[PDB]
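*Asks:* My structure file my_file-v3.pdb, PDB, C-alpha atoms (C1' of nucleotides) and all ligand atoms, is below:
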```
MODEL        1
ATOM      1  CA  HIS A   3      26.170  -5.101  37.778  1.00  0.00           C
ATOM      2  CA  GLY A   4      25.554  -1.362  37.970  1.00  0.00           C
ATOM      3  CA  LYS A   5      25.703   1.282  35.267  1.00  0.00           C
ATOM      4  CA  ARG A   6      29.259   2.355  36.133  1.00  0.00           C
ATOM      5  CA  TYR A   7      30.089  -1.112  34.814  1.00  0.00           C
ATOM      6  CA  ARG A   8      27.682  -0.703  31.877  1.00  0.00           C
ATOM      7  CA  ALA A   9      29.953   2.062  30.548  1.00  0.00           C
ATOM      8  CA  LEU A  10      33.050   0.310  31.972  1.00  0.00           C
ATOM      9  CA  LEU A  11      33.069  -2.885  29.858  1.00  0.00           C
ATOM     10  CA  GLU A  12      31.352  -1.117  26.942  1.00  0.00           C
ATOM     11  CA  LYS A  13      34.497   1.067  26.753  1.00  0.00           C
ATOM     12  CA  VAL A  14      37.006  -1.841  26.832  1.00  0.00           C
ATOM     13  CA  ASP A  15      37.512  -5.177  25.094  1.00  0.00           C
ATOM     14  CA  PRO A  16      37.785  -8.617  26.647  1.00  0.00           C
ATOM     15  CA  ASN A  17      37.240  -9.551  22.973  1.00  0.00           C
ATOM     16  CA  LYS A  18      40.373  -7.962  21.482  1.00  0.00           C
ATOM     17  CA  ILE A  19      43.786  -8.943  22.868  1.00  0.00           C
ATOM     18  CA  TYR A  20      45.903  -5.966  24.009  1.00  0.00           C
ATOM     19  CA  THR A  21      49.443  -5.218  25.234  1.00  0.00           C
ATOM     20  CA  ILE A  22      50.671  -4.026  28.620  1.00  0.00           C
ATOM     21  CA  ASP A  23      51.813  -0.467  27.840  1.00  0.00           C
ATOM     22  CA  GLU A  24      48.848   0.023  25.509  1.00  0.00           C
ATOM     23  CA  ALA A  25      46.266  -0.913  28.153  1.00  0.00           C
ATOM     24  CA  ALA A  26      48.006   0.598  31.214  1.00  0.00           C
ATOM     25  CA  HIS A  27      46.822   4.172  30.521  1.00  0.00           C
ATOM     26  CA  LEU A  28      43.208   2.924  30.819  1.00  0.00           C
ATOM     27  CA  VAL A  29      43.687   1.698  34.402  1.00  0.00           C
ATOM     28  CA  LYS A  30      42.606   4.783  36.406  1.00  0.00           C
ATOM     29  CA  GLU A  31      39.730   5.786  34.066  1.00  0.00           C
ATOM     30  CA  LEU A  32      37.876   2.442  34.104  1.00  0.00           C
ATOM     31  CA  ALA A  33      37.555   2.495  37.920  1.00  0.00           C
ATOM     32  CA  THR A  34      34.373   4.458  38.707  1.00  0.00           C
ATOM     33  CA  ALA A  35      34.732   3.812  42.457  1.00  0.00           C
ATOM     34  CA  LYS A  36      33.357   6.101  45.146  1.00  0.00           C
ATOM     35  CA  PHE A  37      36.762   6.056  46.869  1.00  0.00           C
ATOM     36  CA  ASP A  38      40.043   4.274  47.484  1.00  0.00           C
ATOM     37  CA  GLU A  39      40.809   2.186  44.387  1.00  0.00           C
ATOM     38  CA  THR A  40      43.594  -0.413  44.202  1.00  0.00           C
ATOM     39  CA  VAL A  41      44.519  -1.820  40.789  1.00  0.00           C
ATOM     40  CA  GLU A  42      44.969  -5.595  40.352  1.00  0.00           C
ATOM     41  CA  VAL A  43      46.349  -7.247  37.205  1.00  0.00           C
ATOM     42  CA  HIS A  44      45.913 -11.015  37.105  1.00  0.00           C
ATOM     43  CA  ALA A  45      47.258 -14.085  35.300  1.00  0.00           C
ATOM     44  CA  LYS A  46      46.217 -17.718  35.000  1.00  0.00           C
ATOM     45  CA  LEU A  47      49.104 -20.056  35.753  1.00  0.00           C
ATOM     46  CA  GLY A  48      50.591 -22.899  33.731  1.00  0.00           C
ATOM     47  CA  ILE A  49      51.571 -25.195  36.603  1.00  0.00           C
ATOM     48  CA  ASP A  50      49.919 -28.038  38.488  1.00  0.00           C
ATOM     49  CA  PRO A  51      49.126 -26.834  42.051  1.00  0.00           C
ATOM     50  CA  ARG A  52      48.514 -30.408  43.254  1.00  0.00           C
ATOM     51  CA  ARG A  53      52.319 -30.799  43.125  1.00  0.00           C
ATOM     52  CA  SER A  54      53.911 -28.822  45.941  1.00  0.00           C
ATOM     53  CA  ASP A  55      57.334 -29.109  44.254  1.00  0.00           C
ATOM     54  CA  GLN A  56      55.962 -26.368  41.929  1.00  0.00           C
ATOM     55  CA  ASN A  57      55.039 -23.974  44.809  1.00  0.00           C
ATOM     56  CA  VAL A  58      56.388 -20.425  45.255  1.00  0.00           C
ATOM     57  CA  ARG A  59      56.246 -17.438  47.637  1.00  0.00           C
ATOM     58  CA  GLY A  60      58.238 -14.542  49.091  1.00  0.00           C
ATOM     59  CA  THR A  61      58.097 -10.818  49.795  1.00  0.00           C
ATOM     60  CA  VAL A  62      59.334  -8.611  46.944  1.00  0.00           C
ATOM     61  CA  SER A  63      58.412  -4.924  47.030  1.00  0.00           C
ATOM     62  CA  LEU A  64      57.406  -2.641  44.162  1.00  0.00           C
ATOM     63  CA  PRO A  65      59.582   0.335  43.118  1.00  0.00           C
ATOM     64  CA  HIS A  66      56.879   2.877  44.025  1.00  0.00           C
ATOM     65  CA  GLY A  67      55.616   1.498  47.352  1.00  0.00           C
ATOM     66  CA  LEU A  68      52.266   0.821  49.007  1.00  0.00           C
ATOM     67  CA  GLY A  69      50.729   4.273  49.502  1.00  0.00           C
ATOM     68  CA  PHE A 163      52.864 -13.444  45.433  1.00  0.00           C
ATOM     69  CA  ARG A 164      51.813 -17.077  45.888  1.00  0.00           C
ATOM     70  CA  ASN A 165      50.013 -19.940  44.143  1.00  0.00           C
ATOM     71  CA  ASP A 166      46.716 -21.241  45.554  1.00  0.00           C
ATOM     72  CA  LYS A 167      45.173 -24.705  45.242  1.00  0.00           C
ATOM     73  CA  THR A 168      43.412 -23.602  42.058  1.00  0.00           C
ATOM     74  CA  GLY A 169      46.757 -22.594  40.503  1.00  0.00           C
ATOM     75  CA  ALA A 170      46.201 -18.888  39.738  1.00  0.00           C
ATOM     76  CA  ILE A 171      47.910 -15.629  40.738  1.00  0.00           C
ATOM     77  CA  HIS A 172      47.020 -12.745  43.072  1.00  0.00           C
ATOM     78  CA  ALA A 173      49.038  -9.846  44.547  1.00  0.00           C
ATOM     79  CA  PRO A 174      48.607  -6.175  45.540  1.00  0.00           C
ATOM     80  CA  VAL A 175      50.976  -3.613  44.034  1.00  0.00           C
ATOM     81  CA  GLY A 176      50.003  -0.619  46.171  1.00  0.00           C
ATOM     82  CA  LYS A 177      47.291   2.042  46.322  1.00  0.00           C
ATOM     83  CA  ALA A 178      45.698   3.984  43.427  1.00  0.00           C
ATOM     84  CA  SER A 179      48.291   6.738  43.720  1.00  0.00           C
ATOM     85  CA  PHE A 180      50.714   6.613  40.799  1.00  0.00           C
ATOM     86  CA  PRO A 181      48.989   7.739  37.556  1.00  0.00           C
ATOM     87  CA  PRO A 182      48.845   6.008  34.134  1.00  0.00           C
ATOM     88  CA  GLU A 183      52.458   6.843  33.183  1.00  0.00           C
ATOM     89  CA  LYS A 184      53.888   5.749  36.572  1.00  0.00           C
ATOM     90  CA  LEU A 185      51.905   2.487  36.149  1.00  0.00           C
ATOM     91  CA  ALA A 186      52.651   1.591  32.511  1.00  0.00           C
ATOM     92  CA  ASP A 187      56.206   2.289  33.699  1.00  0.00           C
ATOM     93  CA  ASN A 188      55.566  -0.040  36.676  1.00  0.00           C
ATOM     94  CA  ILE A 189      53.320  -2.533  34.822  1.00  0.00           C
ATOM     95  CA  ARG A 190      56.342  -4.535  33.633  1.00  0.00           C
ATOM     96  CA  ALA A 191      58.106  -4.313  37.015  1.00  0.00           C
ATOM     97  CA  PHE A 192      56.456  -7.014  39.150  1.00  0.00           C
ATOM     98  CA  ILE A 193      55.552  -9.453  36.343  1.00  0.00           C
ATOM     99  CA  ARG A 194      59.134 -10.144  35.225  1.00  0.00           C
ATOM    100  CA  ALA A 195      60.020 -10.286  38.924  1.00  0.00           C
ATOM    101  CA  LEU A 196      57.394 -13.034  39.137  1.00  0.00           C
ATOM    102  CA  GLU A 197      58.670 -15.072  36.167  1.00  0.00           C
ATOM    103  CA  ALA A 198      61.945 -15.646  38.069  1.00  0.00           C
ATOM    104  CA  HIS A 199      60.178 -18.102  40.419  1.00  0.00           C
ATOM    105  CA  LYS A 200      59.176 -20.664  37.741  1.00  0.00           C
ATOM    106  CA  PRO A 201      59.556 -24.253  39.016  1.00  0.00           C
ATOM    107  CA  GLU A 202      61.267 -26.651  36.626  1.00  0.00           C
ATOM    108  CA  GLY A 203      58.462 -29.210  36.370  1.00  0.00           C
ATOM    109  CA  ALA A 204      56.013 -26.504  35.309  1.00  0.00           C
ATOM    110  CA  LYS A 205      54.590 -27.845  32.058  1.00  0.00           C
ATOM    111  CA  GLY A 206      53.631 -25.310  29.429  1.00  0.00           C
ATOM    112  CA  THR A 207      53.175 -21.593  29.096  1.00  0.00           C
ATOM    113  CA  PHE A 208      53.774 -20.207  32.573  1.00  0.00           C
ATOM    114  CA  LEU A 209      51.500 -17.137  32.375  1.00  0.00           C
ATOM    115  CA  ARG A 210      48.397 -18.469  30.655  1.00  0.00           C
ATOM    116  CA  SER A 211      46.222 -15.362  30.299  1.00  0.00           C
ATOM    117  CA  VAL A 212      46.468 -11.874  31.796  1.00  0.00           C
ATOM    118  CA  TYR A 213      43.587  -9.427  32.206  1.00  0.00           C
ATOM    119  CA  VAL A 214      44.342  -5.940  33.488  1.00  0.00           C
ATOM    120  CA  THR A 215      41.607  -5.025  35.954  1.00  0.00           C
ATOM    121  CA  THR A 216      40.917  -3.292  39.276  1.00  0.00           C
ATOM    122  CA  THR A 217      39.237  -4.309  42.486  1.00  0.00           C
ATOM    123  CA  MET A 218      36.636  -1.906  41.029  1.00  0.00           C
ATOM    124  CA  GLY A 219      36.808  -2.796  37.347  1.00  0.00           C
ATOM    125  CA  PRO A 220      36.228  -4.950  34.253  1.00  0.00           C
ATOM    126  CA  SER A 221      38.014  -7.532  32.089  1.00  0.00           C
ATOM    127  CA  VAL A 222      40.550  -6.375  29.478  1.00  0.00           C
ATOM    128  CA  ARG A 223      42.457  -8.942  27.455  1.00  0.00           C
ATOM    129  CA  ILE A 224      46.118  -7.884  27.768  1.00  0.00           C
ATOM    130  CA  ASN A 225      49.601  -9.388  27.136  1.00  0.00           C
ATOM    131  CA  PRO A 226      52.287  -9.571  29.881  1.00  0.00           C
ATOM    132  CA  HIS A 227      54.676  -8.482  27.104  1.00  0.00           C
TER     133      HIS A 227
ATOM    134  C1'   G B   1      32.780 -12.857  66.654  1.00  0.00           C
ATOM    135  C1'   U B   2      32.375 -19.734  69.736  1.00  0.00           C
ATOM    136  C1'   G B   3      35.631 -22.351  64.505  1.00  0.00           C
ATOM    137  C1'   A B   4      40.907 -19.902  62.385  1.00  0.00           C
ATOM    138  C1'   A B   5      37.765 -18.056  55.870  1.00  0.00           C
ATOM    139  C1'   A B   6      34.714 -12.876  55.549  1.00  0.00           C
ATOM    140  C1'   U B   7      30.304 -12.475  53.692  1.00  0.00           C
ATOM    141  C1'   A B   8      30.910  -5.143  49.173  1.00  0.00           C
ATOM    142  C1'   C B   9      31.328  -3.231  43.426  1.00  0.00           C
ATOM    143  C1'   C B  10      35.533  -6.618  41.079  1.00  0.00           C
ATOM    144  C1'   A B  11      38.690  -9.484  37.557  1.00  0.00           C
ATOM    145  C1'   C B  12      41.726 -13.764  37.701  1.00  0.00           C
ATOM    146  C1'   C B  13      40.549 -19.395  38.630  1.00  0.00           C
ATOM    147  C1'   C B  14      38.373 -24.466  40.351  1.00  0.00           C
ATOM    148  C1'   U B  15      34.107 -27.538  40.015  1.00  0.00           C
ATOM    149  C1'   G B  16      30.090 -29.210  37.770  1.00  0.00           C
ATOM    150  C1'   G B  17      25.359 -27.350  34.648  1.00  0.00           C
ATOM    151  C1'   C B  18      22.991 -25.185  30.935  1.00  0.00           C
ATOM    152  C1'   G B  19      23.080 -21.087  27.301  1.00  0.00           C
ATOM    153  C1'   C B  20      25.094 -19.400  22.199  1.00  0.00           C
ATOM    154  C1'   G B  21      28.797 -20.011  18.783  1.00  0.00           C
ATOM    155  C1'   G B  22      33.431 -21.809  16.328  1.00  0.00           C
ATOM    156  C1'   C B  23      35.771 -26.188  15.062  1.00  0.00           C
ATOM    157  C1'   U B  24      33.147 -30.982  15.533  1.00  0.00           C
ATOM    158  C1'   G B  25      33.098 -36.801  16.315  1.00  0.00           C
ATOM    159  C1'   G B  26      28.352 -40.153  16.665  1.00  0.00           C
ATOM    160  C1'   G B  27      23.580 -41.874  15.936  1.00  0.00           C
ATOM    161  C1'   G B  28      17.970 -42.104  13.660  1.00  0.00           C
ATOM    162  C1'   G B  29      14.228 -40.871   9.925  1.00  0.00           C
ATOM    163  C1'   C B  30      12.728 -39.345   5.099  1.00  0.00           C
ATOM    164  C1'   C B  31      14.137 -38.322  -0.023  1.00  0.00           C
ATOM    165  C1'   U B  32      16.315 -39.517  -5.158  1.00  0.00           C
ATOM    166  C1'   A B  33      19.412 -38.466  -8.747  1.00  0.00           C
ATOM    167  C1'   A B  34      24.693 -41.632  -8.378  1.00  0.00           C
ATOM    168  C1'   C B  35      25.191 -47.283  -7.976  1.00  0.00           C
ATOM    169  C1'   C B  36      22.116 -51.972  -8.241  1.00  0.00           C
ATOM    170  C1'   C B  37      17.772 -54.972  -9.994  1.00  0.00           C
ATOM    171  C1'   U B  38      13.662 -54.995 -13.172  1.00  0.00           C
ATOM    172  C1'   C B  39       9.875 -53.296 -16.999  1.00  0.00           C
ATOM    173  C1'   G B  40       6.608 -56.581 -24.976  1.00  0.00           C
ATOM    174  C1'   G B  41       7.764 -50.319 -24.274  1.00  0.00           C
ATOM    175  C1'   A B  42      12.675 -46.902 -22.068  1.00  0.00           C
ATOM    176  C1'   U B  43      16.059 -38.645 -23.074  1.00  0.00           C
ATOM    177  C1'   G B  44      11.016 -43.258 -19.288  1.00  0.00           C
ATOM    178  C1'   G B  45       8.321 -46.325 -15.462  1.00  0.00           C
ATOM    179  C1'   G B  46       8.712 -49.526 -11.096  1.00  0.00           C
ATOM    180  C1'   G B  47      11.835 -51.612  -6.820  1.00  0.00           C
ATOM    181  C1'   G B  48      16.433 -51.129  -3.616  1.00  0.00           C
ATOM    182  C1'   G B  49      19.137 -46.902  -2.467  1.00  0.00           C
ATOM    183  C1'   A B  50      23.579 -43.456  -0.753  1.00  0.00           C
ATOM    184  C1'   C B  51      23.061 -48.870   1.525  1.00  0.00           C
ATOM    185  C1'   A B  52      24.923 -52.757  -1.577  1.00  0.00           C
ATOM    186  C1'   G B  53      28.738 -53.426  -5.132  1.00  0.00           C
ATOM    187  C1'   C B  54      33.658 -52.004  -6.622  1.00  0.00           C
ATOM    188  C1'   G B  55      38.968 -49.163  -5.510  1.00  0.00           C
ATOM    189  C1'   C B  56      42.763 -48.031  -1.726  1.00  0.00           C
ATOM    190  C1'   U B  57      43.592 -49.094   3.320  1.00  0.00           C
ATOM    191  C1'   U B  58      43.051 -51.443   8.910  1.00  0.00           C
ATOM    192  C1'   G B  59      42.779 -55.363  12.032  1.00  0.00           C
ATOM    193  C1'   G B  60      40.890 -60.342  12.376  1.00  0.00           C
ATOM    194  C1'   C B  61      39.268 -65.607  11.505  1.00  0.00           C
ATOM    195  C1'   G B  62      41.489 -68.729   8.155  1.00  0.00           C
ATOM    196  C1'   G B  63      44.912 -76.941   6.678  1.00  0.00           C
ATOM    197  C1'   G B  64      40.520 -74.691   1.777  1.00  0.00           C
ATOM    198  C1'   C B  65      45.489 -74.187  -0.262  1.00  0.00           C
ATOM    199  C1'   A B  66      51.295 -73.258  -0.188  1.00  0.00           C
ATOM    200  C1'   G B  67      56.267 -73.651   1.369  1.00  0.00           C
ATOM    201  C1'   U B  68      58.770 -76.062   5.166  1.00  0.00           C
ATOM    202  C1'   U B  69      60.419 -77.606  10.294  1.00  0.00           C
ATOM    203  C1'   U B  70      59.767 -81.778  13.152  1.00  0.00           C
ATOM    204  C1'   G B  71      68.066 -82.748  16.868  1.00  0.00           C
ATOM    205  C1'   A B  72      72.090 -86.078  18.101  1.00  0.00           C
ATOM    206  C1'   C B  73      73.961 -90.346  21.176  1.00  0.00           C
ATOM    207  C1'   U B  74      72.273 -95.260  20.967  1.00  0.00           C
ATOM    208  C1'   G B  75      75.701-102.910  21.291  1.00  0.00           C
ATOM    209  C1'   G B  76      69.740-101.887  14.868  1.00  0.00           C
ATOM    210  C1'   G B  77      65.906 -98.254  15.226  1.00  0.00           C
ATOM    211  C1'   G B  78      62.060 -96.685  18.137  1.00  0.00           C
ATOM    212  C1'   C B  79      60.450 -96.404  23.366  1.00  0.00           C
ATOM    213  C1'   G B  80      63.209 -95.087  27.685  1.00  0.00           C
ATOM    214  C1'   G B  81      67.474 -92.426  29.263  1.00  0.00           C
TER     215        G B  81
HETATM  216 MG    MG C   1      13.621 -44.901   1.739  1.00  0.00          MG
HETATM  217 MG    MG C   2      14.745 -45.931 -13.802  1.00  0.00          MG
HETATM  218 MG    MG C   3      15.172 -45.660  -8.570  1.00  0.00          MG
HETATM  219 MG    MG C   4      29.883 -48.016   0.196  1.00  0.00          MG
HETATM  220 MG    MG C   5      47.437 -71.542  10.566  1.00  0.00          MG
HETATM  221 MG    MG C   6      50.406 -78.774   4.213  1.00  0.00          MG
HETATM  222 MG    MG C   7      62.850 -75.120  -1.583  1.00  0.00          MG
HETATM  223 MG    MG C   8      69.983 -91.181  15.195  1.00  0.00          MG
HETATM  224 MG    MG C   9      77.644 -99.470  22.597  1.00  0.00          MG
HETATM  225 MG    MG C  10      73.474-106.142  19.058  1.00  0.00          MG
HETATM  226 MG    MG C  11      68.813-100.436  20.328  1.00  0.00          MG
HETATM  227 MG    MG C  12      63.151 -90.326  22.407  1.00  0.00          MG
ENDMDL
END
```
Output the file's structure as structure tokens, nothing else.
*Replies:*
Amino acid sequence: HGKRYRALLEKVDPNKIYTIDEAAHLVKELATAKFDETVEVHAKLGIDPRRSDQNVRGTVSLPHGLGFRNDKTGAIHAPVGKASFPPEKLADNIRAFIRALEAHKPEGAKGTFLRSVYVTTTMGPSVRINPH
RNA sequence: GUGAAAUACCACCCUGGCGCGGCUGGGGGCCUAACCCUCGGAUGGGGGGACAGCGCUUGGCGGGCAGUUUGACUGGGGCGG
């Protein structure tokens, strides 16, 4: 852990829960990268991956453009693009792919479908945030 | 590049571990002051001691007791059927 991270996670809270349009203006500032950042928001998933009847995939494309699947640990990963679009074209876009993801929920998925969501980068720290 | 997986700063997760803390269940030891026993004497001393005893509750063992059941046919009834 370098010092770019020492002022990264000192400037943001994994302690305090946040919302999605509140924390989406902080997405380009908290990446100190030397180049080429791509922003990744993540969610833990409320399904049992050992049951393949609960599995999901497809190709659905973001409104903006470049520039979703469940693994055997039952969590979520997906690229939305390249750094590109600024805070207000992201907070605008930050509700776009999530609600497009909720439409894949298998029936036998027991419990809260999106367990916890931290907005982060490939370059950046943990921020408690709400998909809402 | 002879394994399909890429060996970066990252979160999101699995799996176990310890670390702190929040809620916590469980054990041991010591104490005394409730409670108990005792003390020619006591607003006290000694002994036991949060046990025991007692309340409410759980499940159990339980002829020591209680209420009862223990069929009809039948060349008498039972036995047999
Ligand atoms: Mg003692
Ligand atoms: Mg005394
Ligand atoms: Mg005493
Ligand atoms: Mg007691
Ligand atoms: Mg009996
Ligand atoms: Mg009797
Ligand atoms: Mg009677
Ligand atoms: Mg008879
Ligand atoms: Mg006859
Ligand atoms: Mg006769
Ligand atoms: Mg007879
Ligand atoms: Mg008979």
*Asks:* Could you list, as a ChimeraX atom specification, the residues of chain A having an atom within 7 Å of chain B when counting only C-alpha atoms (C1' of nucleotides)?
*Replies:* /A:44-46,168,170,215-221
*Asks:* Write as an MDAnalysis selection string the residues around ligand MG 9 (chain C), taking 10 Å as the cut-off and counting all atoms listed in the file.
*Replies:* chainID B and resid 73:75
*Asks:* Show me which residues line ligand MG 6 (chain C), defined as having an atom within 12 Å of a ligand atom where all atoms listed in the file count, and present them as a PDB file with C-alpha atoms (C1' of nucleotides), in the frame of the given file.
*Replies:*
```pdb
ATOM      1  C1'   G B  63      44.912 -76.941   6.678  1.00  0.00           C
ATOM      2  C1'   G B  64      40.520 -74.691   1.777  1.00  0.00           C
ATOM      3  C1'   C B  65      45.489 -74.187  -0.262  1.00  0.00           C
ATOM      4  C1'   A B  66      51.295 -73.258  -0.188  1.00  0.00           C
ATOM      5  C1'   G B  67      56.267 -73.651   1.369  1.00  0.00           C
ATOM      6  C1'   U B  68      58.770 -76.062   5.166  1.00  0.00           C
ATOM      7  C1'   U B  69      60.419 -77.606  10.294  1.00  0.00           C
TER       8        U B  69
END
```
*Asks:* Given the file shown, determine the residues that the PyMOL selection byres (((chain A and resi 196-211) around 10) and not hetatm) selects; report them as JSON, numbers by chain.
*Replies:* {"A": [44, 45, 46, 47, 48, 49, 50, 51, 53, 55, 56, 57, 58, 59, 60, 62, 163, 164, 170, 171, 191, 192, 193, 194, 195, 212, 213, 223, 224, 225, 226], "B": [12]}
*Asks:* Would you place a box with edges along x, y and z of the file around all atoms of segment 11-17 of chain A listed there, add 3 Å to each of its six sides, and report the centre and edge lengths in Å to one decimal, as lines of an AutoDock Vina configuration file?
*Replies:*
```
center_x = 34.6
center_y = -4.2
center_z = 26.4
size_x = 12.4
size_y = 16.6
size_z = 12.9
```
*Asks:* On this file, the PyMOL selection byres (((not hetatm)) within 10 of (chain C and resi 1)) gives some set of residues; write that set as a list in words.
*Replies:* residues 29, 30, 31, 32, 48 and 49 of chain B
*Asks:* I would like the residues chosen by the PyMOL selection byres (((not hetatm)) within 8 of (chain C and resi 4)) on the shown file; could you give them as a ChimeraX atom specification?
*Replies:* /B:50-53
*Asks:* Which distance in Å separates atom CA of residue 40 of chain A and atom CA of residue 178 of chain A, to one decimal?
*Replies:*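 These two atoms are separated by 4.9 Å.
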*Asks:* If we count all atoms listed in the file, what is near residue 22 of chain A at a cut-off of 9 Å, once residues fewer than 2 positions away on the same chain are taken out, given as a PyMOL selection string?
*Replies:* chain A and resi 20+24-26+186+189-190+214+224-227
*Asks:* Dump the neighbourhood of ligand MG 8 (chain C) as a PyMOL selection string: all residues within 12 Å, distances computed on all atoms listed in the file.
*Replies:* chain B and resi 71-74+76-78
*Asks:* Select the residues contacting ligand MG 12 (chain C) at a distance of at most 10 Å, based on only C-alpha atoms (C1' of nucleotides) and all ligand atoms, then format the selection as a VMD selection string.
*Replies:* chain B and resid 78 to 81
*Asks:* So how many Å separate atom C1' of residue 19 of chain B and atom CA of residue 33 of chain A, to one decimal?
*Replies:* 29.6 Å
*Asks:* Distance atom CA of residue 176 of chain A-atom CA of residue 39 of chain A, one decimal place?
*Replies:*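 Computing the Euclidean distance for atom CA of residue 176 of chain A and atom CA of residue 39 of chain A yields 9.8 Å.
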*Asks:* Residues within 10 Å of ligand MG 2 (chain C), counting only C-alpha atoms (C1' of nucleotides) and all ligand atoms: report them as a ChimeraX atom specification.
*Replies:* /B:38-39,42,44-47
*Asks:* Given the choices B:23, B:8, B:35, B:18, which gets closest to residue 54 of chain B if the distance is worked out from only C-alpha atoms (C1' of nucleotides)?
*Replies:* B:35
